[PDB]
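Undergrad:
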Amino acid sequence: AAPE
Amino acid sequence: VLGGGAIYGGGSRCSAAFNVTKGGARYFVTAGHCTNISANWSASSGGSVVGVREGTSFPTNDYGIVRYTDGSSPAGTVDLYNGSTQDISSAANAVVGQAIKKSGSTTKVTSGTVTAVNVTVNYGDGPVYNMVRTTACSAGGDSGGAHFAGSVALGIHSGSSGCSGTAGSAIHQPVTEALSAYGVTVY
Numbered sequence: 011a012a013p014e
Numbered sequence: 141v142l143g144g145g146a147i148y149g150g151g152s153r154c155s156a157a158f159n160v161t162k163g164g165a166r167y168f169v170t171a172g173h174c175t176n177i178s179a180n181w182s183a184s185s186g187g188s189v190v191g192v193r194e195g196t197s198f199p200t201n202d203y204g205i206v207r208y209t210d211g212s213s214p215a216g217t218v219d220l221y222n223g224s225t226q227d228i229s230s231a232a233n234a235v236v237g238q239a240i241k242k243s244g245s246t247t248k249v250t251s252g253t254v255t256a257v258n259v260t261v262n263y264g265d266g267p268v269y270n271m272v273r274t275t276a277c278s279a280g281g282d283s284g285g286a287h288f289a290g291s292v293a294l295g296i297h298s299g300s301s302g303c304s305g306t307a308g309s310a311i312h313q314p315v316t317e318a319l320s321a322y323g324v325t326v327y
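Going line by line, the protein sequences match chains A and B.
So the first sequence is numbered by our numbering: it starts at 11 and just counts up by one.
So the second sequence is numbered by our numbering: it starts at 141 and just counts up by one.
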């Protein structure tokens, strides 16, 4: 998971 | 800017979630990892400032709020990127199995199903708590975009672990927590  | 519309600050593009109000003034909420980067926000890369940051929280949560300062009174709607918009008139928490849509400025409107609620998500910056996992596709620049079902505001797009075809992983911050944090309501 990564911030977009 | 309408919900799901592009916003620019710190030389980066994010998306707004929903137009909100308190005290007769207009604000928009977006992702905290976006308002952490800049105090001034524009609706095009080198455009005039439309609003200034009033609060931000990321990590732990992922929400922030920007006060409009250009005198506009935008409609409380979400852009469907097809000439039309979705009117939003309430806010609620999403539930497992619910069909949702997200609107953001990179992948425009995509759709999916909520698979889990109250999830802790570990980003490189730290954990964010009480998140919602969906199967909606998304990509960078979509954070801060609107997660919604019909006229109901559900969440602020935070991030994902990728998408192939229609099988996405969009994660959202519950919008009700940001609305209570700032004493604001959708309209």
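From the three backbone atoms N, C-alpha and C, an ideal C-beta is built for every residue, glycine too.
Nearest to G151 (chain B) by CA position, among B:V160, B:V141 and B:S185, is which residue?
TA: B:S185
Undergrad: Pull up the distance between the alpha-carbon of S155 (chain B) and that of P214 (chain B), whole angstroms please.
TA: 15 Å
Undergrad: Using only CA atoms, which one of B:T196, B:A310, B:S229 and B:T209 lies nearest to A321 (chain B)?
TA: B:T196
Undergrad: Give me the Cα-Cα distance between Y221 (chain B) and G143 (chain B), rounded to the nearest whole angstrom.
TA: 11 Å
Undergrad: For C303 (chain B), collect the residues of the same chain with a Cβ closer than 6 Å to its Cβ; drop the 5 residues on either side in sequence, then sort them by chain order.
TA: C277
Undergrad: Using a beta-carbon distance below 8 Å, is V261 (chain B) in contact with chain A?
TA: yes
Undergrad: So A289 (chain B) and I240 (chain B) are in contact, right, with Cβ under 8 Å, and what is the actual spacing, rounded?
TA: 5 Å
Undergrad: Listed from N- to C-terminal order along the chain, which residues in the segment 161 to 188 of chain B have their beta-carbon within a distance smaller than 8 Å of any beta-carbon of chain A?
TA: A171 and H173
Undergrad: Just verifying my parser: in three-state terms, what is the DSSP assignment at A321 (chain B)?
TA: helix
Undergrad: Assuming the contact rule is C-beta atoms closer than 8 Å, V189 (chain B) and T161 (chain B) should be a hit. Round their C-beta distance to whole Å, please.
TA: With 8 Å as the limit, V189 (chain B) and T161 (chain B) do not qualify as a contact, their Cβ atoms being about 20 Å apart.
Undergrad: Which class does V249 (chain B) belong to by DSSP, given the choice of helix, strand or coil?
TA: strand
Undergrad: Quick check: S291 (chain B) and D219 (chain B), are their CB atoms within less than 8 Å of each other?
TA: Taking 8 Å as the Cβ cut-off, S291 (chain B) and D219 (chain B) do not qualify as a contacting pair.
Undergrad: Could you check the C-alpha separation between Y327 (chain B) and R166 (chain B) for me, to the nearest Å?
TA: 10 Å
Undergrad: Name the residue from B:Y269, B:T170 and B:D265 whose alpha carbon lies nearest to the alpha carbon of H287 (chain B).
TA: B:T170
Undergrad: Between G151 (chain B) and chain A, is the shortest Cβ-Cβ distance under 8 Å, so that the two count as touching?
TA: Not an interface residue.
Undergrad: Going by the C-beta, is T196 (chain B) closer than 7 Å to any heavy atom of the ligand GDP?
TA: Inclusion of the ligand GDP in the displayed structure is not the case, the ligand content being empty and no account of it being possible.
Undergrad: Quick one: grab the DSSP three-state call for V190 (chain B).
TA: DSSP places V190 (chain B) in strand when its eight states are reduced to three.
Undergrad: According to DSSP, is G150 (chain B) helix, strand or coil?
TA: coil
Undergrad: Please report how far the alpha carbon of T306 (chain B) lies from the alpha carbon of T275 (chain B), in whole angstroms.
TA: 8 Å
Undergrad: Which residues in the same chain have their Cβ closer than 6 Å to the Cβ of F168 (chain B), if we skip the five residues on either side of it in sequence?
TA: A156, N159 and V206
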